[PDB]
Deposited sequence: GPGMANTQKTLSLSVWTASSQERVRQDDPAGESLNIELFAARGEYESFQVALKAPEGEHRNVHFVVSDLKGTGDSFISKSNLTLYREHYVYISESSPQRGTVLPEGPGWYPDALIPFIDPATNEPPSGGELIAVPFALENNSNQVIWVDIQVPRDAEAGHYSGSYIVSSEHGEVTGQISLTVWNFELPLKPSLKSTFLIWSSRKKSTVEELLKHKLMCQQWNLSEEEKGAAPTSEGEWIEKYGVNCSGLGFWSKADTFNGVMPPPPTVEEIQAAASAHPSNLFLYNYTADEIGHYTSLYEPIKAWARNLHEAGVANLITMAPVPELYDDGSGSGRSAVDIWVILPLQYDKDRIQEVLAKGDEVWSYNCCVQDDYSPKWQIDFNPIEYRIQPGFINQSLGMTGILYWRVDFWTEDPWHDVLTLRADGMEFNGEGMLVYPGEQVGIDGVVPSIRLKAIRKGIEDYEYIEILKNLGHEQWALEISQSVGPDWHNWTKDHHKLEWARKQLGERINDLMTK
C-alpha cells in the first residue's frame, strides 16, 4: 500500500511512473559540494492523507557525523504544460502533461523553521490517485568533512505505514573552492530582494540586477562571488544598431571603485548586435576605454576577425568575453580567440536549432546540467549567461508558459526561481532546473581541478565521452554520473 523508491538528481519522476527497484541511495562527493537524490512515493491501493518525511544525521567512523543540518528538503510541485515548447529536429520536448519543477521547502531559510500559512505546504501531504509524490533531498558536504563513508536514513511515515531507506555517502579527499571557477551572468529584472540574489549565489550563480532605476564584500566572503558587471549599457540590441560615445577611462574607473579591487570586472556593453557591422568602430572605442581602465568587454556576439584587435596597438581583441549560442559555435574562430587570450561563454534561450541542449521545462532535465560543465569544458568555454531568472506569469505556481511569440510557446523561458508567497515564505524558492545548473557548475569544477593537477588531456577525454560538443552529448543521466565518478575517483587518488 506504500511504495517508496529513489531516483538520481537528473532523473525526472513523472506522476504516473511505476515504482523503482531500490529504496536506498549511494552517493559520492567532495568537501564543499552538493549531491542530491529524490524519494518517490506511491499509494497503489487507497490513500494516505497524513504523510511526513524526516532524515537523520549521516554517521561515519566512531563519533564522526555529518549533521542533518546539512540536508535541505523539498516536496516537488508539478505544473501542467498544455502547449508544447517548439518541436524540431531530434532534440524534442516530452509532450503536454504534468512536470515536476517548483520546490516547496520544508524550512524557511529566514527562520530555519517550517513555514506556516502557505497555500501549498511541503509536509504533511496526501498521497492520492495512484499519483506519485516526490521529495528532493540536497546534501551539502561540510568543508571540514573527513574523507570516508557515512550512512544515515530517511523515514517516510503516515497514519497507515512507515518505510525507512538508507543514505550512503562517500566523501572524497578534495574540496571544491567556495569561489567557483566558472563565471556567470544571470539577470534579475523584477525581484530586488537580497534573498533573491542569495538564492542564486547559493546555487553557484553570479547575478546582476537589470533595468535598475537611478534610485557585496559579505557575499564575496560568504558565497565566493567571482565577478561583477559595471552596468554601462549602450542600449544597442538586436533591434537597435545604435551606440552613444563610450564612458571615458576615468568614468569607468569611478564605477569600478565601488567594488573590491581583487574582483574580476566586466561590462555587458551590447546584446546580439552581431549583424550591425556599423557598430565595429564604436565597439572598438568602448573596448579601448574599458581596456585602459582594466575592465573586460562582454558582448553576446560570435568572434569576428575584424574585432580581434581593439585598434590600440596592443593586439588585444575588442571583445574580451564573447558570449555565444550553441548554434553559433565555430571551432576555428573559437580556437583563435582562446589562443590569443579571450574568454568564450555559452548562453541559451528559446528552441533555435535541431540538436543543442534546450532550456525549457519540457526537455530532458539533463540539458540544464550538461551545458555549464561537460560541454563548456570540452569546448574551452569558461562562463555561462542567461537573460532572466524571474520572468513570472500572473499565476507563477500554475502557469509556466512564460513566453508566447510568433506561433511558439516557451515553458520556463527566463524563469528559474518561483515566488515564495504561495508557500508561506518571503523571497524566492528554487526550481529543479536551478539544481541542475548548480550541478553542472560543480562538474565544471571537477575538470578544472584535474587541469590544475596536470591531467587536462585525460579529463577532456572523459569530458568528450559525455559532452564533446553541442551535437553529440549524452541524454542518459547514468552515463553522465559514470563520467563524473571517473573524475572524482581520479582526483581522490591524486590527493591521497
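By the record, the deposited chain contains unmodelled runs at 1 to 11, 227 to 234, 516, with no C-alpha atoms placed there.
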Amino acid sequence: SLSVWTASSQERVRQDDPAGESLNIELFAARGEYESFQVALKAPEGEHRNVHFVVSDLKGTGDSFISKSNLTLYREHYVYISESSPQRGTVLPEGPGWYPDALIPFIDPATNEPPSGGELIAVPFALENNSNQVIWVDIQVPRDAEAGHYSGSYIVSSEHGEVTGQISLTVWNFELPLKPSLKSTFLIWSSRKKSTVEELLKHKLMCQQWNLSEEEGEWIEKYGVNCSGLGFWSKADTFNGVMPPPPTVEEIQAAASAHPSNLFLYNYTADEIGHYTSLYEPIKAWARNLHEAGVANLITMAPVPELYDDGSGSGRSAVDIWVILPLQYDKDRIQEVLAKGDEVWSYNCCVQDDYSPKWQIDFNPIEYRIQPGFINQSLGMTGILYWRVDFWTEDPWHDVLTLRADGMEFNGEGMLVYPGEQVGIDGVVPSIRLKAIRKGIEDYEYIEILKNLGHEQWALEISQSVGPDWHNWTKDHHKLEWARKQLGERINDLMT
From here on, numbers count along this sequence of modelled residues.
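Note on 258 to 266 vs 391 to 399: mean CA B-factor is higher in 258 to 266.
For the pair 166 to 174 and 220 to 228, the mean B factor over Cα atoms is greater in 220 to 228.
Comparing the listed residues 73, 385, 405, 327, the entry records the largest Cα B-factor for 405. Taking the PDB entry at face value, the top CA B factor among 360, 87, 278, 348 belongs to 278. Sort the modelled residues of the chain by CA B factor and residue 1 lands in the highest third.
Among the modelled residues of its chain, residue 471 has a C-alpha B-factor that falls in the middle third, as given in the PDB entry. In the PDB entry, residue 372 places in the lowest third of its chain by CA B-factor. In this PDB entry, residue 149 carries a Cα temperature factor that places it within the middle third of its chain's modelled residues. Residue 136 sits in the lowest third of its chain by CA B factor, as recorded in the PDB entry.
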